[PDB]
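**Q** One structure follows; several queries about it will come next.
We did not get these values from a lab; they are worked out from the coordinates using the rules stated. So basically every Cβ, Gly included, is an ideal-geometry build from the backbone, and we count neighbours across all protein chains shown.
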Amino acid sequence: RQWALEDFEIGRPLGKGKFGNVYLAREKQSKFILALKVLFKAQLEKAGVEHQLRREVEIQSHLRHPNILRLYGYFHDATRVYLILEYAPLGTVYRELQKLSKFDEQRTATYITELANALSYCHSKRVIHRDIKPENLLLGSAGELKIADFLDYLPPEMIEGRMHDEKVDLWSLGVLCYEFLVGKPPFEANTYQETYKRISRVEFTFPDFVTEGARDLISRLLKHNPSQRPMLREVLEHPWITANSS
Ligand SMILES: C=Nc1ncc(F)c(-c2cccnc2Oc2ccc(NC(=O)c3ccccc3Nc3ccccc3)cc2)n1
């Protein structure tokens, strides 16, 4: 409960980014094996996100799920800040997606279920999410997927703030599923302008090898109007999902 850097025996550099570096680590006390991010407050300031982090570490800490990367604890010295995190032994879905180019109908559906499961929990524990990427998806030991993200003159459209923020994740789920099945995201193009074009006008096209159940689901998630995309529950109960999830 009262953490210091010499409570930890340090292993191999696990990669860097963005403010800090991650190392492999072990609790001298419980010999428990975990990752450790090392953020520098100097690097947080020249990016103005010190309070933003502390804010989110308090949110993160109260999220226990097999499909969400577990944060165990945190601490600091004057120069450095440390985050004690679940080591995902099997690499990212990015690296793996490059190794396999695309995934099988079942590998994709299982991954969607897990995401959906995790996202539902967040929605339930009152914490909505923005965008999910393959690069932000880590892999546990048993192939399991881990989200590792980080007046009186005022009108109605300014006091109701952000109306539909819950529904972004369903778009993300649509996009992801596609990339998993195809190897590329659905509005990927050459110019940034042509990508912007296809995202705005919702312009994606399934190559022939894609199944119907997938085309059906993906289309339902990728609706222009946010309030038309299925609620997470429905994704878990989709013919295609309920036929490949395990
Ligand atoms: C190879 N497996 C593996 N396992 C665990 C790992 F952490 C990593 C890893 C290695 C190198 C770089 N990144 C890695 O993954 C992550 C992914 C997410 C995080 N999460 C955070 O850094 C974070 C968690 C809770 C709260 C805040 C966090 N960061 C944050 C920083 C600034 C502002 C806001 C949030 C940490 C490491 N890699």
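**Q** What do you reckon, is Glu188 away from the ligand (no atom under 16 Å from the Cβ), surrounded by 13 or more Cβ atoms within 10 Å (Cβ to Cβ) and charged (D, E, K, R)?
**A** Numbers: away from the ligand (no atom under 16 Å from the Cβ): yes; surrounded by 13 or more Cβ atoms within 10 Å (Cβ to Cβ): yes; charged (D, E, K, R): yes.
Criteria met by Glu188.
**Q** Filter the range 29-39 for residues that are closer than 12 Å to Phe75 by Cα and over 19 Å from the mean Cα position of the chain (by Cα); which is surrounded by the fewest Cβ atoms within 10 Å (Cβ to Cβ)?
**A** Just the residues of the range 29-39 that are closer than 12 Å to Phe75 by Cα, to begin with: 36-39.
After this cut, where a residue has to be over 19 Å from the mean Cα position of the chain (by Cα) as well, the list is 38-39.
Numbers: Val38: 15, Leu39: 20.
Residue satisfying both the conditions and the ranking: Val38.
**Q** Could you grab me the full set of residues in the range 99-113 that are of a type in the set (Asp, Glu) and surrounded by 22 or more Cβ atoms within 10 Å (Cβ to Cβ)? Can you show your working first?
**A** Taking the range 99-113 first, the residues of a type in the set (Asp, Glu) are 104-105.
None - no residue of the range 99-113 is of a type in the set (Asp, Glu) and surrounded by 22 or more Cβ atoms within 10 Å (Cβ to Cβ), so the list stays empty.
**Q** Being within 16 Å of the ligand (Cβ to nearest atom) and either in contact with a helix residue (DSSP H, G or I) (Cβ under 6 Å, 6 or more places away or on another chain) or not charged (D, E, K, R) (or both) narrows it down to one residue among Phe150, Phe180; which is it?
**A** Values: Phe180 fails: within 16 Å of the ligand (Cβ to nearest atom).
Answer to the selection: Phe150.
**Q** A further question on this structure: Does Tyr23 satisfy being near the ligand (Cβ under 10 Å from one of its atoms), among the aromatic types (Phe, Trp, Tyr), farther than 30 Å from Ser124 by Cα and surrounded by 15 or more Cβ atoms within 10 Å (Cβ to Cβ)? Outline the logic, then answer.
**A** Values: near the ligand (Cβ under 10 Å from one of its atoms): yes; among the aromatic types (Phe, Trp, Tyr): yes; farther than 30 Å from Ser124 by Cα: yes; surrounded by 15 or more Cβ atoms within 10 Å (Cβ to Cβ): yes.
Against the criterion (near the ligand (Cβ under 10 Å from one of its atoms), among the aromatic types (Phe, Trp, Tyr), farther than 30 Å from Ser124 by Cα and surrounded by 15 or more Cβ atoms within 10 Å (Cβ to Cβ)), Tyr23 qualifies.
**Q** Still on this structure: Inspect all residues belonging to the range 69-84 and state whether any of them is under 19 Å from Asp149 (Cβ atoms) and of a type in the set (S, T, N, Q).
**A** No, the range 69-84 contains no residue that is under 19 Å from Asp149 (Cβ atoms) and of a type in the set (S, T, N, Q).
**Q** Just to check your reading of the model, which residue among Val57, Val93, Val127, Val49 is more than 18 Å from the chain's Cα centre (by Cα), within 15 Å of the ligand (Cβ to nearest atom), β-branched (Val, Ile, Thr) and surrounded by 12 or more Cβ atoms within 10 Å (Cβ to Cβ)? Step through it out loud before you land on a result.
**A** On the way: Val57 fails: more than 18 Å from the chain's Cα centre (by Cα); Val93 fails: more than 18 Å from the chain's Cα centre (by Cα); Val127 fails: more than 18 Å from the chain's Cα centre (by Cα).
Residue meeting the stated conditions: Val49.
**Q** If I ask for residues that are under 17 Å from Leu34 (Cβ atoms) and either near the ligand (Cβ under 9 Å from one of its atoms) or acidic (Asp, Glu) (or both), which ones from the range 64-80 would you list?
**A** Those that are under 17 Å from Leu34 (Cβ atoms) and either near the ligand (Cβ under 9 Å from one of its atoms) or acidic (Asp, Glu) (or both): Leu69, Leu71, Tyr74.
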